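The structure under discussion appears below in the form of structure tokens.
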Amino acid sequence: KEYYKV
Amino acid sequence: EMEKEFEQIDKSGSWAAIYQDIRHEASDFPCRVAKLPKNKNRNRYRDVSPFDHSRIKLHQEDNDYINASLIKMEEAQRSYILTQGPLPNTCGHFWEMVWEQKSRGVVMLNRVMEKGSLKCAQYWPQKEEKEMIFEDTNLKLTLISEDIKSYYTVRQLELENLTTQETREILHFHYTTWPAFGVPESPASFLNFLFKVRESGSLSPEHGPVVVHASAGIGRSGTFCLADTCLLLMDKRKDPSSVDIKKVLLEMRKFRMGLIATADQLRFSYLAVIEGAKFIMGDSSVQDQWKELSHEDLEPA
Ligand SMILES: [Cl-]
Ligand SMILES: [Cl-]
Ligand SMILES: [Cl-]
Ligand code: NA
Ligand code: NA
């Protein structure tokens with residue numbers, strides 16, 4: 001959610 | 001020759017392998033400033049930070065931090081600034097950087113909203129008559145004109161330093177159909193856009209570095225810059241077989257983490273350079289062929 005790569 | 005390597009990688013199906021090779025071999029430098037507690041709300045993503053040694057510094061005494069990195073390609077003879085999609089509170093910082101660095105172009109590769117999620121603030125004005133004032137940084141931004149094509153839009157903006165009343169023309173190149181973690185429609189669509197950026201002079205050494213961003217500023221922008229640099233290298237050496245794409249990407253990753261976010265984006269970069277080589281090697285006509293295959297012109301009424 002606040003990460004580019006999940 | 002580069003084609004041989006590509007076909008070989010395609011036939012073997014090892015793009016994921018080559019990509020993880022790059023990921024393992026990639027520079028790992030510290031990002032202390034980016035991680036300070038006072039910069040938490042200046043970073044879009046916790047996992048995407050500029051290295052301390054290559055970050056852009058805002059020329060301001062309060063806090064000089066912006067999530068942006070200078071990619072300086074010594075051999076290619078070009079610099080780029082890669083940055084995240086500005087946040088609501090960092091639109092002023094963003095245009096401050098553009099001013100201080102004397103950039104003439106901004107290349108945007110995402111949309112402010114993708115898949116119903118905000119990916120970037122509306123940091124430029126959509127209507128001529130509604131200019132934007134960034135008070136914290138004393139800058140005014142006005143839409144002068146725009147040229148809307150089917151998959152990208154070029155916008156002519158005027159940036160005014162309210163302190164000195166000096167004004168600058170900024171060109172905005174907005175690629176509107178490039179999905180996050182995805183690739184362009186075709187090499188022709190990507191290259192048509194890239195050579196539009198080049199033809200504007202926004203990449204000339206007579207200006208500051210072009211600013212390139214997406215949402216995080218590593219995936220699509222990494223793809224964009226990688227392709228442009230390799231094509232520069234091919235033109236200088238004149239020998240396409242000399243340019244090692246993987247080596248170029250690793251160089252670039254010394255200045256910003258994560259450039260190229262998927263193996264398919266890596267595969268596409270190869271495709272783009274191989275196709276773009278046709279222009280390097282002196283085919284004047286191929287540029288018009290890209291424009292047709294891109295279907296950039298919209299449908300009249
Ligand atoms: Cl702090
Ligand atoms: Cl969408
Ligand atoms: Cl990565
Ligand atoms: Na103005
Ligand atoms: Na000025």
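Quick note on naming: the chains in the structure tokens go A, B, ... in the order shown, residues restart at 1 in each chain, and ligands are numbered from 1 in order of appearance.
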
Neighbour list for residue 202 of chain B as a compact mmCIF listing (two decimals) with N, CA, C and O atoms, in the first residue's frame, cut-off 6 Å, only C-alpha atoms, skip fewer than 2 positions in-chain:
```txt
# COMPACT_ATOMS: atom_id res chain seq x y z
N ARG B 104 14.82 21.92 -19.02
CA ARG B 104 13.97 22.40 -20.09
C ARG B 104 12.82 21.44 -20.42
O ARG B 104 11.87 21.86 -21.09
N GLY B 105 12.89 20.19 -19.97
CA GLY B 105 11.82 19.24 -20.23
C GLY B 105 11.48 18.43 -18.99
O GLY B 105 12.33 18.17 -18.14
N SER B 200 12.77 18.09 -29.53
CA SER B 200 12.46 19.34 -28.86
C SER B 200 13.70 20.05 -28.34
O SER B 200 13.60 21.23 -27.95
N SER B 204 19.35 18.58 -24.89
CA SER B 204 20.59 19.20 -25.32
C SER B 204 21.48 19.50 -24.11
O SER B 204 20.98 19.84 -23.03
```

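Within 8 Å of residue 145 of chain B there are residues 128, 155, 156 and 157 of chain B, counting only C-alpha atoms and ignoring same-chain residues fewer than 5 positions away.
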
Output for the residues just chosen: N, CA, C and O atoms as a PDB file, in the first residue's frame:
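What ended up in part_33.pdb:
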```
ATOM      1  N   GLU B 128      -5.584  26.749 -19.254  1.00  0.00           N
ATOM      2  CA  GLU B 128      -4.818  27.986 -19.386  1.00  0.00           C
ATOM      3  C   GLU B 128      -5.168  28.992 -18.305  1.00  0.00           C
ATOM      4  O   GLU B 128      -4.283  29.649 -17.743  1.00  0.00           O
ATOM      5  N   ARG B 155       2.860  19.391 -23.587  1.00  0.00           N
ATOM      6  CA  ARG B 155       2.341  20.630 -23.022  1.00  0.00           C
ATOM      7  C   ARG B 155       3.457  21.653 -22.929  1.00  0.00           C
ATOM      8  O   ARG B 155       4.585  21.337 -22.532  1.00  0.00           O
ATOM      9  N   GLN B 156       3.135  22.878 -23.298  1.00  0.00           N
ATOM     10  CA  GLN B 156       4.051  23.997 -23.177  1.00  0.00           C
ATOM     11  C   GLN B 156       3.654  24.789 -21.941  1.00  0.00           C
ATOM     12  O   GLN B 156       2.545  25.336 -21.877  1.00  0.00           O
ATOM     13  N   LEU B 157       4.542  24.821 -20.953  1.00  0.00           N
ATOM     14  CA  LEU B 157       4.285  25.495 -19.695  1.00  0.00           C
ATOM     15  C   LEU B 157       5.265  26.649 -19.547  1.00  0.00           C
ATOM     16  O   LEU B 157       6.354  26.640 -20.138  1.00  0.00           O
TER      17      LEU B 157
END
```

Which distance in Å separates atom CA of residue 210 of chain B and atom CA of residue 103 of chain B, to one decimal? 5.5 Å

So which residues are near ligand 5, meaning at most 7 Å away with only C-alpha atoms and all ligand atoms counted, given back as a list in words? residues 161, 164, 165 and 166 of chain B

Define the interface residues of chain B facing chain A as those within 9 Å, counting only C-alpha atoms, and report them as a ChimeraX atom specification. /B:44-48,215-216,261

Could you save those same residues with N, CA, C and O atoms as a PDB file, in the first residue's frame?
```pdb
ATOM      1  N   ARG B  44       7.198   8.997  -1.599  1.00  0.00           N
ATOM      2  CA  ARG B  44       5.969   8.306  -1.966  1.00  0.00           C
ATOM      3  C   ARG B  44       5.990   6.866  -1.470  1.00  0.00           C
ATOM      4  O   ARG B  44       5.007   6.391  -0.893  1.00  0.00           O
ATOM      5  N   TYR B  45       7.116   6.171  -1.643  1.00  0.00           N
ATOM      6  CA  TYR B  45       7.210   4.755  -1.320  1.00  0.00           C
ATOM      7  C   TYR B  45       8.367   4.492  -0.358  1.00  0.00           C
ATOM      8  O   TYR B  45       9.463   5.041  -0.515  1.00  0.00           O
ATOM      9  N   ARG B  46       8.111   3.637   0.634  1.00  0.00           N
ATOM     10  CA  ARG B  46       9.128   3.279   1.620  1.00  0.00           C
ATOM     11  C   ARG B  46      10.291   2.508   1.005  1.00  0.00           C
ATOM     12  O   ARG B  46      11.398   2.517   1.560  1.00  0.00           O
ATOM     13  N   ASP B  47      10.065   1.831  -0.120  1.00  0.00           N
ATOM     14  CA  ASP B  47      11.071   0.982  -0.745  1.00  0.00           C
ATOM     15  C   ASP B  47      11.775   1.638  -1.927  1.00  0.00           C
ATOM     16  O   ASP B  47      12.481   0.949  -2.667  1.00  0.00           O
ATOM     17  N   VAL B  48      11.588   2.937  -2.146  1.00  0.00           N
ATOM     18  CA  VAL B  48      12.218   3.631  -3.266  1.00  0.00           C
ATOM     19  C   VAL B  48      12.811   4.926  -2.735  1.00  0.00           C
ATOM     20  O   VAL B  48      12.072   5.863  -2.398  1.00  0.00           O
ATOM     21  N   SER B 215       5.522   6.867 -11.315  1.00  0.00           N
ATOM     22  CA  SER B 215       5.012   6.984  -9.954  1.00  0.00           C
ATOM     23  C   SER B 215       6.146   6.889  -8.927  1.00  0.00           C
ATOM     24  O   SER B 215       6.269   7.741  -8.034  1.00  0.00           O
ATOM     25  N   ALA B 216       6.985   5.864  -9.053  1.00  0.00           N
ATOM     26  CA  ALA B 216       8.152   5.719  -8.193  1.00  0.00           C
ATOM     27  C   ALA B 216       9.382   6.355  -8.810  1.00  0.00           C
ATOM     28  O   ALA B 216      10.267   6.831  -8.082  1.00  0.00           O
ATOM     29  N   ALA B 261      11.782  -2.265 -13.620  1.00  0.00           N
ATOM     30  CA  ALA B 261      11.085  -2.939 -12.530  1.00  0.00           C
ATOM     31  C   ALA B 261      10.586  -4.342 -12.893  1.00  0.00           C
ATOM     32  O   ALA B 261      10.043  -5.029 -12.025  1.00  0.00           O
TER      33      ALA B 261
END
```

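For ligand 2, the neighbouring protein, DNA and RNA residues, which are those within 6 Å when only C-alpha atoms and all ligand atoms are counted, are residues 114, 115 and 116 of chain B.
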
Site check for ligand 3: residues at most 8 Å away, only C-alpha atoms and all ligand atoms, as a short mmCIF file (atom, residue, chain, number, x, y, z; two decimals) with N, CA, C and O atoms, in the first residue's frame:
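Once everything was written out, this is pocket.cif:
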```
data_model
loop_
_atom_site.label_atom_id
_atom_site.label_comp_id
_atom_site.auth_asym_id
_atom_site.auth_seq_id
_atom_site.Cartn_x
_atom_site.Cartn_y
_atom_site.Cartn_z
N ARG B 23 19.62 -7.65 -10.78
CA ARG B 23 19.19 -7.25 -9.44
C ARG B 23 20.24 -7.60 -8.38
O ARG B 23 20.50 -6.80 -7.47
N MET B 257 18.32 3.33 -7.42
CA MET B 257 17.99 1.93 -7.25
C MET B 257 16.82 1.53 -8.14
O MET B 257 15.98 2.36 -8.51
N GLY B 258 16.79 0.25 -8.51
CA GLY B 258 15.61 -0.36 -9.07
C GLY B 258 15.28 -0.02 -10.50
O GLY B 258 14.21 -0.42 -10.97
N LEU B 259 16.16 0.64 -11.23
CA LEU B 259 15.85 1.03 -12.60
C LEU B 259 15.53 -0.21 -13.43
O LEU B 259 16.31 -1.16 -13.49
N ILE B 260 14.37 -0.18 -14.11
CA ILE B 260 13.73 -1.33 -14.76
C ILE B 260 13.12 -2.20 -13.67
O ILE B 260 13.84 -2.82 -12.88
N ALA B 261 11.78 -2.26 -13.62
CA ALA B 261 11.08 -2.94 -12.53
C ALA B 261 10.59 -4.34 -12.89
O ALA B 261 10.04 -5.03 -12.02
N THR B 262 10.71 -4.77 -14.15
CA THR B 262 10.28 -6.11 -14.53
C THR B 262 11.19 -6.63 -15.63
O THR B 262 11.74 -5.86 -16.42
#
```

Neighbouring residues of residue 277 of chain B were defined as those with any atom within 9 Å, considering only C-alpha atoms; residues of the same chain fewer than 2 positions away were excluded. Please report them as a PyMOL selection string. chain B and resi 231+234-235+240+272-275+279-282

Can you tell me which residues sit at most 10 Å away from ligand 1, counting only C-alpha atoms and all ligand atoms, written as a PyMOL selection string? chain B and resi 33-40

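Using only C-alpha atoms and all ligand atoms as the basis for the distance check, residues found within 8 Å of ligand 4 are residues 140, 141, 142, 158, 159, 160, 165 and 167 of chain B.
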
Please identify all polymer residues within 8 Å of residue 230 of chain B, counting only C-alpha atoms, omitting same-chain residues fewer than 6 positions from it, and present them as an MDAnalysis selection string. chainID B and resid 76 243 245 248 273

Strand (DSSP E) per DSSP on the backbone: members of segment 10-182 of chain B, as a ChimeraX atom specification: /B:55-57,65-73,78-83,105-108,113-114,117-118,132-134,139-148,152-161,166-175

Residue contacts of residue 207 of chain B (12 Å, only C-alpha atoms) excluding same-chain residues fewer than 5 positions away, as a ChimeraX atom specification: /B:78-80,98-105,168-170,200-202

Generate a file of the selected residues that holds N, CA, C and O atoms, formatted as a compact mmCIF listing (two decimals), in the first residue's frame.
```
# COMPACT_ATOMS: atom_id res chain seq x y z
N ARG B 78 25.29 12.46 -21.29
CA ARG B 78 23.97 12.97 -20.97
C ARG B 78 23.67 12.69 -19.51
O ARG B 78 24.08 11.67 -18.96
N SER B 79 22.96 13.62 -18.88
CA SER B 79 22.46 13.47 -17.52
C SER B 79 20.94 13.50 -17.52
O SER B 79 20.31 14.16 -18.35
N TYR B 80 20.35 12.75 -16.59
CA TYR B 80 18.91 12.76 -16.37
C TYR B 80 18.66 12.88 -14.89
O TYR B 80 19.44 12.39 -14.07
N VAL B 98 13.27 21.83 -10.77
CA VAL B 98 13.30 22.12 -12.20
C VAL B 98 13.97 23.46 -12.45
O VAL B 98 14.77 23.62 -13.38
N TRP B 99 13.62 24.46 -11.64
CA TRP B 99 14.21 25.79 -11.79
C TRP B 99 15.71 25.75 -11.49
O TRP B 99 16.54 26.07 -12.35
N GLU B 100 16.06 25.30 -10.29
CA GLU B 100 17.47 25.34 -9.90
C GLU B 100 18.34 24.55 -10.88
O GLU B 100 19.41 25.02 -11.28
N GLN B 101 17.86 23.39 -11.35
CA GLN B 101 18.68 22.57 -12.25
C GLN B 101 18.62 23.02 -13.70
O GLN B 101 19.27 22.39 -14.55
N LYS B 102 17.86 24.07 -14.02
CA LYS B 102 17.78 24.60 -15.38
C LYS B 102 17.26 23.57 -16.37
O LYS B 102 17.66 23.54 -17.54
N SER B 103 16.37 22.69 -15.91
CA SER B 103 15.78 21.72 -16.82
C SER B 103 14.83 22.41 -17.78
O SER B 103 14.13 23.37 -17.42
N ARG B 104 14.82 21.92 -19.02
CA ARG B 104 13.97 22.40 -20.09
C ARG B 104 12.82 21.44 -20.42
O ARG B 104 11.87 21.86 -21.09
N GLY B 105 12.89 20.19 -19.97
CA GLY B 105 11.82 19.24 -20.23
C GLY B 105 11.48 18.43 -18.99
O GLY B 105 12.33 18.17 -18.14
N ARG B 168 10.56 31.01 -17.63
CA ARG B 168 11.15 29.97 -18.46
C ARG B 168 10.06 29.13 -19.09
O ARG B 168 9.00 28.91 -18.49
N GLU B 169 10.32 28.68 -20.31
CA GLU B 169 9.44 27.75 -21.00
C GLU B 169 9.84 26.32 -20.66
O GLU B 169 10.97 25.90 -20.97
N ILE B 170 8.94 25.58 -20.03
CA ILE B 170 9.11 24.15 -19.77
C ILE B 170 8.22 23.36 -20.73
O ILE B 170 7.03 23.66 -20.87
N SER B 200 12.77 18.09 -29.53
CA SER B 200 12.46 19.34 -28.86
C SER B 200 13.70 20.05 -28.34
O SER B 200 13.60 21.23 -27.95
N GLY B 201 14.85 19.38 -28.31
CA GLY B 201 16.04 19.93 -27.71
C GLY B 201 16.08 19.84 -26.21
O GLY B 201 17.06 20.32 -25.60
N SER B 202 15.06 19.26 -25.57
CA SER B 202 15.03 19.19 -24.12
C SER B 202 16.21 18.42 -23.54
O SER B 202 16.52 18.59 -22.36
```

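Using only C-alpha atoms, the protein and nucleic acid residues lying no more than 12 Å from residue 147 of chain B, apart from those fewer than 2 places from it along its own chain, are residues 143, 144, 145, 149, 150, 151, 152, 153, 154, 155, 156, 157, 171, 172, 173, 174, 296, 297 and 298 of chain B.
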
Would you list, as a PyMOL selection string, the residues of segment 76-240 of chain B that end up in helix (DSSP H, G or I) under DSSP run on this structure's backbone? chain B and resi 91-100+187-199+219-237+240

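Taking atom CA of residue 263 of chain B and atom CA of residue 31 of chain B as endpoints, the distance between them is 25.2 Å.
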